Amino acid sequence: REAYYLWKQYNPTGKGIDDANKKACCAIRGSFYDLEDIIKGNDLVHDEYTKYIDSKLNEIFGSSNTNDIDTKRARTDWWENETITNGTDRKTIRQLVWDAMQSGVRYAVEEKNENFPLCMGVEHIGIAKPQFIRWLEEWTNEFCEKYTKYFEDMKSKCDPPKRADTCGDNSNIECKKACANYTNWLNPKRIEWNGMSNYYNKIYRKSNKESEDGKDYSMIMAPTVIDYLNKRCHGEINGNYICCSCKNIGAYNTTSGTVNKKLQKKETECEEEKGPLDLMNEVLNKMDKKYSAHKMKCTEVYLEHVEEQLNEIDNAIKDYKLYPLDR
Amino acid sequence: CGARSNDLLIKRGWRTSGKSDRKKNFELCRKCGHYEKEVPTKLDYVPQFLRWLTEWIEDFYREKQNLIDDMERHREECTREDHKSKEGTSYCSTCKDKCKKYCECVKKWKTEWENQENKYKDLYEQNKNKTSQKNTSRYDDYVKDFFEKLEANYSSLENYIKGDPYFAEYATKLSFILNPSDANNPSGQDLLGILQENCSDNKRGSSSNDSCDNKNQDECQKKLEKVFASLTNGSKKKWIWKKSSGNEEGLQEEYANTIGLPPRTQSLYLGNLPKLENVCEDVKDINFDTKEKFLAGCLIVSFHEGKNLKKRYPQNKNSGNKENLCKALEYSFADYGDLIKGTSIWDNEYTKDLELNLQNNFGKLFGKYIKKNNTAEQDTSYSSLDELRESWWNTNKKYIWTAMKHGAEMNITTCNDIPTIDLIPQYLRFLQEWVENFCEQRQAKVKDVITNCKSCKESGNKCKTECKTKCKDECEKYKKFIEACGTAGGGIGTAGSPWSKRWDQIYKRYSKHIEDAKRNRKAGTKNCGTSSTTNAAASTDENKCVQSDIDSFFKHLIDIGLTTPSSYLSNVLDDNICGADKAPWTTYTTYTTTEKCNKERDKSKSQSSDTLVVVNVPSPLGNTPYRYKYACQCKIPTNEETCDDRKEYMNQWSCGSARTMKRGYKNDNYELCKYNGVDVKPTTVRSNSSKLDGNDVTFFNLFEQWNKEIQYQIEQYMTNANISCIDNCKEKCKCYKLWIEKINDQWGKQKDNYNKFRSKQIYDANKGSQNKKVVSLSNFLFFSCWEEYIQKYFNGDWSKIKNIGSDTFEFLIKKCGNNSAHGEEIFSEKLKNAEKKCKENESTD
Amino acid sequence: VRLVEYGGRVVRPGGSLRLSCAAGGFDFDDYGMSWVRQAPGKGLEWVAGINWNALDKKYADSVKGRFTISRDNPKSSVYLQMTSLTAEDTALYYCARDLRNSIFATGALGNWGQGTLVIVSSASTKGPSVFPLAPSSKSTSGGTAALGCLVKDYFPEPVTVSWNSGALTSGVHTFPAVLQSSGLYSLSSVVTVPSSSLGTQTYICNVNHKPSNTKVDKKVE
Amino acid sequence: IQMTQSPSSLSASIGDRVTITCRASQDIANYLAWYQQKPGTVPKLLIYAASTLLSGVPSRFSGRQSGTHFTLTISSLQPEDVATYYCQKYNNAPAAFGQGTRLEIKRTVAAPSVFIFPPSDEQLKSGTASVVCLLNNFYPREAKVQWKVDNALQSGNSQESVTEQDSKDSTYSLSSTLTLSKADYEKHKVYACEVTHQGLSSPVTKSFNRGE
């Protein structure tokens with residue numbers, strides 16, 4: 001049912017036979033991997049639900065003489081290894097769960113009278129990158145899609161449209177809307193990116209025995225989070241193993257590689273950039289070229305918004321408190 | 001790709017040569033075309049009718065003349081000595097009669113010479129095929145020349161015709177010539193036990209215990225009855241990390257440039273033999289016809305290897321001790337095991353010919369058994385030859401080991417067995433040996449740094465003549481050992497590249513094995529605890545038994561941790577070989593200095609960040625002995641720079657910063673707040689005129705970003721307090737109360753920047769007053785906190801259309817103050833509440 | 001560089017007790033910790049060990065299941081929870097650090113704490129009882145007699161005993177405590193003096209049982 | 001995993017070479033550390049990795065290893081090296097310490113000044129027996145004490161206490177406390193302590209009568 005509702009979230013929002021389908025399939029892969037980690041006890045979230053679920057799963061798969069390592073091993077090989085016997089083929093618990101995911105997607109597609117996507121047709125699902133890395137890729141993909149969305153909005157709306165900005169799509173009051181969306185969406189993303197990069201820098205190339213938490217990150221060798229995401233977001237999203245793409249992000253509208261160091265002095269340190277994804281720092285600090293074209297009027301209209309919205313807040317505190325002053 | 005590495009690809013296989021005689025070129029001489037990755041065969045552009053002039057002809061030749069050459073298995077089945085009572089049934093009535101008939105029958109082999117070779121060579125039926133009505137059709141366009149050159153016209157050209165096809169291998173004994181001159185020198189079923197050998201790939205925790213499965217086959221052994229010893233009479237020095245052994249030493253194609261081949265391994269005796277029949281100079285002919293005969297040769301070669309190791313380590317690499325020679329002997333023993341099992345990961349001139357001859361030996365002798373290509377039983381013949389060789393080595397290894405010890409000396413009083421190191425993959429053995437070398441050299445290079453460069457008699461003291469004479473020169477010796485490329489100070493080990501580069505290659509390979517070995521299909525028994533787990537086979541006979549192949553070993557080696565060479569190496573290394581500085585392989589020191597001097601990442605000392613402050617992050621392969629970052633290169637760290645390793649208060653902001661930095665400035669135009677890791681563009685081309693200045697907008701953005709981030713940060717380190725509550729002789733003298741006293745300094749800078757920004761609105765709001773444009777700190781911070789609420793508790797800030805929460809207001813005014821133009825305190829109080837620890841004061845209890 | 005333990009206490013048999021160990025200038029985040037106990041007048045014995053990230057906790061075979069070890073790095077402490085304590089676990093418990101940061105629980109213990117007594121018994125902190133030991137003309141051996149007092153049944157935490165307010169130092173052989181069958185400690189504090197000096201000066205032995213705040217100052221003939 | 005350390009009471013004199021052995025049952029190849037503990041203090045780690053002398057330790061110590069035999073060697077025994085040495089191994093699981101070897105100063109043989117301190121009248125009022133035999137300034141440490149209640153053997157009713165080797169003279173003092181009830185106290189007449197010491201030609205009897 002999670003797969004069903006997740007497909008219902010992604011696919012009908014935009015009818016791109018691939019883009020919507022591929023995004024939904026990547027989201028379902030992520031949700032399935034998170035379910036796997038909840039079962040295996042590797043999940044990073046102990047919320048109101050998963051905390052008690054984790055404790056009682058430890059009870060179910062535990063015993064008197066079973067330590068934490070033994071219990072985690074028991075959960076892991078109950079999930080991964082075929083700990084179910086059926087009159088059908090040798091289905092492991094992982095396979096049954098993935099088949100349930102597929103069934104939910106089929107229900108949703110039947111309801112929409114669409115065609116079952118070729119992705120989600122894969123019978124076997126590859127290894128799960130460590131939960132933090134999967135979430136990092138999700139963060140990057142979401143950031144980049146929303147970045148293209150918001151920046152194209154501000155491009156065609158606030159900073160001069162193809163129609164003489166003074167006579168553009170803005171009366172200088174709805175351009176404020178686009179710049180407000182961009183600046184307001186950008187600000188928290190900068191703190192989130194700082195936190196995730198600081199965690200990556202202490203987590204990469206760590207085994208189980210070295211990582212602060214018990215899970216291993218040996219598979220991720222890359223000096224910086226930007227280099228890792230450069231290797232990862234390099235391609236075009238398909239549904240398997242590449243759940244993120246980054247086009248024209250940061251400053252310029254080309255792909256890898258616009259200026260290679262192969263012709264001057266090896267090598268080119270990206271690798272590969274998908275926009276010199278170092279620009280992630282520049283774009284989050286509003287120093288990229290793309291925003292620098294828009295920097296002036298975005299800031300000035302932001303100040304106008306601050307001024308008027310503050311003339312409103314000052315009279316609303318006194319409004320509903322009504323004890324100090326007017327309104 | 002189906003073929004395994006030992007499968008000896010293209011078997012066109014004369015001794016480093018063939019029918020188109022060549023020298024050492026590549027692994028067409030003589031294996032592994034799949035890894036060769038080009039197409040090395042042209043039997044396919046051999047036209048399909050010439051490949052029927054092969055398929056009729058040369059396929060006949062090989063497989064069916066082999067039916068009378070090697071599937072004429074031998075005439076050794078006379079069975080004369082022993083009398084037989086009962087047989088149960090008779091099936092071989094036609095076997096031997098049609099076997100001798102099988103070269104005398106006019107109806108199966110004279111009806112395979114002058115009837116079927118009437119289609120092969122004596123073509124009476126389809127005579128030198130002329131024209132086909134019930135015969136072959138050719139597509140002459142590319143095969144027409146063959147008609148003239150072989151069938152029914154002129155047939156004279158170079159070896160371009162004959163010699164490369166297998167022509168005379170079938171008892172061609174023309175003797176029409178006599179030679180009187182003498183060009184001669186002086187004249188001249190099976191048993192199958194299975195075990196649980198306890199490998200100790202460790203000495204430390206090792207969550208689970210290792211146990212590999214090996215197959216003893218006592219019928220493949222000498223007979224019994226140990227020690228016996230007397231016979232005799234039977235210099236590289238550069239880890240060759242190179243590769244693809246073009247034809248010289250090096251590593252297989254799949255480990256190329258990846259782990260480095262020890263000089264000991266490339267110098268071991270067996271690997272320096274293109275034969276086992278060459279084991280003795282005196283004897284110059286085949287010697288191995290029985291299992292014991294084959295074994296005695298291995299005994300000889302192992303004994304001579306022991307002799308060599310004695311001649312080399314005691315006392316030329318040994319100091320009169322035994323541990324060094326013992327370790328070298330263990331490693332050589334394991335390398336012998338891999339070299340005869342065929343699973344070695346390296347090559348030279350003699351390997352890939354030794355392996356061929358070894359396959360022929362383990363072939364004939366012992367061959368019979370192997371046959372259960374499809375099998376059905378497990379005591380049973382060894383399925384494939386490779387497993388038979390593995391079983392031969394798993395037995396019979398006792399004798400080789402004792403031979404090795406005899407070859408050294410030990411044998412009673414200096415030996416006091418069978419080390420299980422031969423059950424560890426050659427990759428990991430090479431890694432361990434290379435690291436032990438590096439640690440030996442590092443220990444040498446670190447002894448003197450410790451003696452000299454501890455500040456005066458400890459790493460921390462008065463800097464008074466830190467370099468008592470030049471202890472910085474000792475630190476520089478250590479730097480040139482770590483960073484240089486083997487010529488400017490670098491030691492033995494790496495071959496022309498820095499230790500950092502070689503370690504990176506090792507890590508890449510190790511993780512390649514980890515991912516492959518459990519994203520696999522077939523592997524050995526697990527105890528599930530790790531990452532890349534999806535493969536079909538995780539097998540065993542008894543409880544907890546790994547399948548003894550590389551993937552199974554990397555399955556048990558993972559799954560107890562040890563997913564990285566750092567952790568594996570910390571688990572297996574002895575104790576303290578890394579040097580007097582207690583530098584663990586698991587900690588990661590990120591060092592950063594003048595670009596590695598000899599082989600360069602795109603510069604030496606001026607192109608980039610890595611050029612002068614080189615960012616690389618290995619384990620303590622670092623360019624300082626793990627604690628002397630400051631003991632070397634004098635005076636001890638300041639309290640401020642002990643934050644950079646305490647690292648609870650990191651480095652992002654500078655001029656206005658929770659993050660320990662600044663860039664200035666001190667004037668009107670224009671003190672600014674800088675973010676570390678990104679550069680502000682001082683270009684005023686971003687802007688226009690008579691509005692907010694060119695530098696004013698970039699300031700305002702940097703300042704509002706600073707505001708938001710540092711408020712979040714001070715709340716993280718104050719309410720959470722990074723732990724509650726609250727928060728040296730504590731952590732709150734250094735690294736705390738150290739940035740709190742920074743925030744005040746640089747909120748003052750930011751307060752100076754913003755009162756002076758309202759004074760740049762004595763440069764800009766004197767143009768634009770009174771909108772006041774831009775509003776003062778009080779009002780702007782008020783707006784900032786109110787936005788902070790409206791954004792993420794009010795479903796997006798743009799919901800500011802309706803502002804009333806109608807009872808949140810009391811909390812909101814308590815947090816945010818009343819009557820804006822009063823919002824200086826919304827931050828100052830957070831600094832006057834950047835207190836209650838510094839304050840500190842007392843404290844209460 | 002500075003480890004102190006808390007929780008040393010007298011507990012009923014079969015009870016529970018939680019020891020704690022702090023840390024000083026020591027970076028108590030990537031060093032393994034260990035707990036080592038020493039019974040009175042016996043040899044040290046490893047008890048527990050915990051990794052740097054607390055993912056690896058090892059216990060001595062005897063104290064297993066009954067002992068739990070844990071870290072708290074932000075508080076910079078390491079705790080040992082003890083349950084089902086027997087009369088044999090009475091020991092001085094030290095907390096120690098590896099001298100090498102590593103990924104293992106057990107290692108060479110470089111820095112040790114002062115330790116805490118964890119005396120386990122069913123006693124009642126009863127005060128001492130002083131008994132004199134009269135000499136004799138027989139004890140005048142080689143011109144030298146001996147005078148002493150024995151402290152009996154003074155559990156817990158053995159006592160300081162002096163002679164003549166610490167005036168006498170030579171010959172004072174105060175024997176170590178001993179746990180007799182009743183569960184109460186006892187000792188003697190004899191001292192050898194010239195037999196000629198017998199009856200000439202006065203001898204008083206002074207006992208100070210801090211746990212019971214008992215001060216007994218007995219003159220001996 | 002055990003760690004058999006021997007000898008347990010090695011004696012020596014200043015200037016001698018002292019060797020301590022710490023045989024390990026299993027293979028620990030060199031994960032062994034040596035600890036020195038003086039009376040009434042925390043242990044001090046001298047050697048780790050079985051040979052690597054810890055910084056600040058006097059260089060007269062050394063540690064070497066042969067297979068699973070680890071030996072700590074003090075080349076020149078000094079009066080500040082009189083302590084117990086422990087040889088704790090720390091390879092993997094139980095990290096167990098050794099039994100503990102206690103060095104002592106070796107001096108000339110002496111003889112205990114035996115005493116037969118009898119119970120006191122107010123101790124009788126208390127109701128138990130506090131018969132105490134005292135052995136003073138004797139050496140070597142080995143000495144046996146026996147109790148004869150009217151020349152009858154006693155066992156399980158006496159207790160033993162020993163002082164540590166006294167610093168000024170390297171002599172030992174021993175105290176034997178014999179405890180009896182009132183009933184079996186006045187049930188007998190003569191109480192004797194028998195001292196069996198290597199420095200005594202014959203066992204020495206010290207007795208008294210309750211009426212004496």
# chains A, B, ... in the order shown; residues from 1 in each chain; ligands from 1

call {"tool": "interface_residues", "arguments": {"of": "chain C", "to": "chain B", "cutoff": "10 Å", "atoms": "only C-alpha atoms", "output": "ChimeraX atom specification"}}
result
/C:23-25,27,30,56,58,73-75,99-106

call {"tool": "write_last_selection", "arguments": {"atoms": "N, CA and C atoms", "output": "short mmCIF file (atom, residue, chain, number, x, y, z; two decimals), in the first residue's frame"}}
result
data_model
loop_
_atom_site.label_atom_id
_atom_site.label_comp_id
_atom_site.auth_asym_id
_atom_site.auth_seq_id
_atom_site.Cartn_x
_atom_site.Cartn_y
_atom_site.Cartn_z
N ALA C 23 36.61 11.56 33.03
CA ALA C 23 37.80 11.70 32.21
C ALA C 23 38.18 13.17 32.12
N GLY C 24 39.49 13.41 32.08
CA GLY C 24 40.01 14.77 32.10
C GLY C 24 40.42 15.32 30.75
N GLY C 25 41.63 15.89 30.68
CA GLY C 25 42.13 16.43 29.42
C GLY C 25 42.15 15.39 28.32
N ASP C 27 40.91 12.96 25.67
CA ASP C 27 39.86 13.04 24.65
C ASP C 27 39.08 11.73 24.72
N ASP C 30 37.63 8.40 21.40
CA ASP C 30 38.13 7.36 20.51
C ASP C 30 39.10 6.42 21.21
N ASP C 56 31.33 -2.68 20.92
CA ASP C 56 32.06 -3.91 21.24
C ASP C 56 32.29 -3.90 22.75
N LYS C 58 33.09 -6.41 26.01
CA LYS C 58 33.57 -7.72 26.41
C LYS C 58 33.61 -7.80 27.92
N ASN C 73 29.72 9.43 25.80
CA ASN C 73 30.81 10.30 25.36
C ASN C 73 30.54 11.78 25.60
N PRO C 74 29.37 12.34 25.28
CA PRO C 74 29.15 13.75 25.59
C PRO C 74 29.31 14.07 27.07
N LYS C 75 28.83 13.21 27.96
CA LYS C 75 29.10 13.37 29.38
C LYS C 75 30.52 12.95 29.74
N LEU C 99 46.10 3.01 26.24
CA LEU C 99 46.98 4.12 25.93
C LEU C 99 47.04 4.40 24.45
N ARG C 100 46.28 3.65 23.65
CA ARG C 100 46.27 3.83 22.20
C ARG C 100 44.82 3.92 21.75
N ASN C 101 44.48 4.99 21.05
CA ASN C 101 43.17 5.03 20.43
C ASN C 101 43.08 3.97 19.34
N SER C 102 42.00 3.20 19.38
CA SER C 102 41.85 2.07 18.47
C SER C 102 40.38 1.69 18.43
N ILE C 103 40.10 0.60 17.73
CA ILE C 103 38.73 0.14 17.51
C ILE C 103 38.41 -1.10 18.33
N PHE C 104 39.21 -1.41 19.35
CA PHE C 104 39.02 -2.61 20.14
C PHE C 104 38.69 -2.27 21.58
N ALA C 105 37.97 -3.19 22.22
CA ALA C 105 37.63 -3.01 23.63
C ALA C 105 38.85 -3.19 24.52
N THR C 106 39.61 -4.25 24.29
CA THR C 106 40.72 -4.58 25.18
C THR C 106 42.03 -4.05 24.63
#

call {"tool": "residues_around", "arguments": {"residues": "residue 25 (chain B)", "least_positions_apart": "3", "cutoff": "9 Å", "atoms": "only C-alpha atoms", "output": "PyMOL selection string"}}
result
chain B and resi 16+22+28-29+246-247

call {"tool": "write_last_selection", "arguments": {"atoms": "N, CA, C and O atoms", "output": "CSV table (one decimal), in the first residue's frame"}}
result
chain,number,residue,atom,x,y,z
B,16,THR,N,56.2,-19.9,-24.8
B,16,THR,CA,56.2,-18.5,-25.1
B,16,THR,C,56.3,-18.2,-26.6
B,16,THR,O,56.9,-17.2,-27.0
B,22,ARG,N,57.1,-16.3,-31.9
B,22,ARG,CA,57.2,-14.9,-31.4
B,22,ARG,C,58.0,-15.0,-30.1
B,22,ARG,O,58.2,-16.1,-29.6
B,28,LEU,N,48.4,-13.4,-24.8
B,28,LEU,CA,48.3,-14.5,-25.8
B,28,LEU,C,49.4,-15.5,-25.6
B,28,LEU,O,49.2,-16.6,-26.0
B,29,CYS,N,50.5,-15.0,-25.1
B,29,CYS,CA,51.6,-15.9,-24.5
B,29,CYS,C,51.5,-15.7,-23.0
B,29,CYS,O,52.2,-14.9,-22.5
B,246,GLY,N,53.4,-7.3,-19.2
B,246,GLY,CA,53.5,-7.3,-20.7
B,246,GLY,C,54.2,-8.6,-21.1
B,246,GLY,O,53.8,-9.1,-22.2
B,247,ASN,N,55.2,-9.0,-20.3
B,247,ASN,CA,55.9,-10.2,-20.6
B,247,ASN,C,57.0,-10.3,-19.6
B,247,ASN,O,57.7,-11.3,-19.5

call {"tool": "select_by_dssp", "arguments": {"residues": "region 85-179 of chain C", "states": "strand (DSSP E or B)", "output": "PyMOL selection string"}}
result
chain C and resi 92-98+109-112+116-117+120+129-133+141+144-152+160-163+172-174+178-179

call {"tool": "interface_residues", "arguments": {"of": "chain D", "to": "chain B", "cutoff": "7 Å", "atoms": "only C-alpha atoms", "output": "count of residues only"}}
result
7

call {"tool": "residues_around", "arguments": {"residues": "region 120-134 of chain D", "least_positions_apart": "2", "cutoff": "7 Å", "atoms": "only C-alpha atoms", "output": "PyMOL selection string"}}
result
(chain C and resi 131-133) or (chain D and resi 114-118+136+174-182+185+193)

call {"tool": "write_last_selection", "arguments": {"atoms": "N, CA, C and O atoms", "output": "short mmCIF file (atom, residue, chain, number, x, y, z; two decimals), in the first residue's frame"}}
result
data_model
loop_
_atom_site.label_atom_id
_atom_site.label_comp_id
_atom_site.auth_asym_id
_atom_site.auth_seq_id
_atom_site.Cartn_x
_atom_site.Cartn_y
_atom_site.Cartn_z
N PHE C 131 40.88 -4.64 72.48
CA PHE C 131 41.24 -5.59 73.52
C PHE C 131 42.74 -5.48 73.74
O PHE C 131 43.51 -5.48 72.76
N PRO C 132 43.21 -5.38 74.98
CA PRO C 132 44.66 -5.30 75.21
C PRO C 132 45.32 -6.67 75.25
O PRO C 132 44.67 -7.70 75.44
N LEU C 133 46.64 -6.67 75.06
CA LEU C 133 47.44 -7.89 75.09
C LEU C 133 48.54 -7.66 76.12
O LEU C 133 49.58 -7.07 75.83
N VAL D 114 59.44 -15.27 69.04
CA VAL D 114 58.11 -15.82 69.21
C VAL D 114 57.49 -15.26 70.48
O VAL D 114 58.18 -14.99 71.47
N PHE D 115 56.17 -15.06 70.45
CA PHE D 115 55.43 -14.58 71.61
C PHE D 115 54.10 -15.31 71.69
O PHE D 115 53.56 -15.75 70.68
N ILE D 116 53.59 -15.45 72.92
CA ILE D 116 52.41 -16.26 73.19
C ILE D 116 51.32 -15.45 73.88
O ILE D 116 50.60 -15.96 74.74
N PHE D 117 51.20 -14.17 73.50
CA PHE D 117 50.25 -13.24 74.10
C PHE D 117 48.91 -13.90 74.42
O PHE D 117 48.23 -14.40 73.51
N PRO D 118 48.51 -13.93 75.68
CA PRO D 118 47.29 -14.64 76.06
C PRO D 118 46.09 -13.71 76.03
O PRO D 118 46.24 -12.48 75.96
N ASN D 136 58.07 -12.26 64.92
CA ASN D 136 58.58 -10.92 64.72
C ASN D 136 59.90 -10.94 63.96
O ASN D 136 60.78 -11.74 64.27
N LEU D 174 54.66 -11.87 61.52
CA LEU D 174 53.48 -12.69 61.35
C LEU D 174 52.70 -12.71 62.65
O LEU D 174 53.28 -12.66 63.74
N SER D 175 51.37 -12.78 62.53
CA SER D 175 50.49 -12.86 63.68
C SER D 175 49.49 -13.98 63.45
O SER D 175 48.82 -14.03 62.42
N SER D 176 49.40 -14.88 64.42
CA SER D 176 48.42 -15.96 64.41
C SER D 176 47.43 -15.71 65.53
O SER D 176 47.82 -15.63 66.70
N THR D 177 46.16 -15.58 65.18
CA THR D 177 45.10 -15.30 66.14
C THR D 177 44.22 -16.53 66.26
O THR D 177 43.58 -16.94 65.29
N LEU D 178 44.19 -17.12 67.45
CA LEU D 178 43.40 -18.32 67.70
C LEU D 178 42.14 -17.93 68.45
O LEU D 178 42.21 -17.32 69.53
N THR D 179 40.98 -18.27 67.89
CA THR D 179 39.70 -17.88 68.46
C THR D 179 38.92 -19.11 68.89
O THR D 179 38.74 -20.04 68.11
N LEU D 180 38.46 -19.09 70.14
CA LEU D 180 37.68 -20.18 70.72
C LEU D 180 36.54 -19.60 71.53
O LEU D 180 36.55 -18.43 71.92
N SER D 181 35.54 -20.44 71.79
CA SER D 181 34.44 -20.04 72.64
C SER D 181 34.87 -20.05 74.10
O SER D 181 35.94 -20.54 74.46
N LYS D 182 34.00 -19.51 74.95
CA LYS D 182 34.25 -19.58 76.39
C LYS D 182 34.25 -21.02 76.87
O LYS D 182 35.11 -21.43 77.66
N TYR D 185 37.20 -22.72 75.87
CA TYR D 185 38.35 -22.02 76.43
C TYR D 185 38.68 -22.54 77.82
O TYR D 185 39.79 -23.04 78.06
N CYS D 193 51.74 -22.20 71.10
CA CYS D 193 51.98 -21.99 69.69
C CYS D 193 53.34 -22.56 69.33
O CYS D 193 54.34 -22.33 70.03
#
